[PDB]
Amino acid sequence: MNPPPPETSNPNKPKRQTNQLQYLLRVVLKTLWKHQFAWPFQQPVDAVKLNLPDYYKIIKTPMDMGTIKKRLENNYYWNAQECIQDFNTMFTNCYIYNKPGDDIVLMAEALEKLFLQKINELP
């Protein structure tokens, strides 16, 4: 069975909308979102649909761009580093569960390259 998704709403969190966090939503996430290989990462891994009954038995901190987008829209992050950490968790989860050369890994690799290019310079 699928776990509940990561939390995206928490009114008790200390909240900020920095220039970098606005940029991470308006520019970085929304550009990655339109990439041709973004679709597998636009929502939590559906282990039931994808017949990956061991996915959430190996991956303990799931992450996806749908969750990141919801977090950014809720000002869930205090700084850009917290949000960048979620992107890196998303890519790293993919590389952990899969193997070099798998289609999903090539797709994550492409998105990661673009992600690193877009975050090289923040406001």
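Here the rigid core means the biggest group of C-alpha atoms that line up within 1.5 Å when the two forms are laid on top of each other. A residue's number is simply how far along the shown sequence it sits, counting from 1.
With 84 to 92 and 49 to 57 as candidates, the stretch whose CA atoms show the greater average offset from this form in 8 other deposited structures of this protein after a core fit is 49 to 57. Of the two segments, 28 to 36 and 44 to 52, the one listed with the higher mean B-factor is 28 to 36 (C-alpha atoms only). Taking the PDB entry as given, 14 to 22 carries the higher mean Cα B factor of the two stretches 14 to 22 and 108 to 116. Remark: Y77 belongs to the middle third of its chain, ranked by C-alpha B-factor as recorded.
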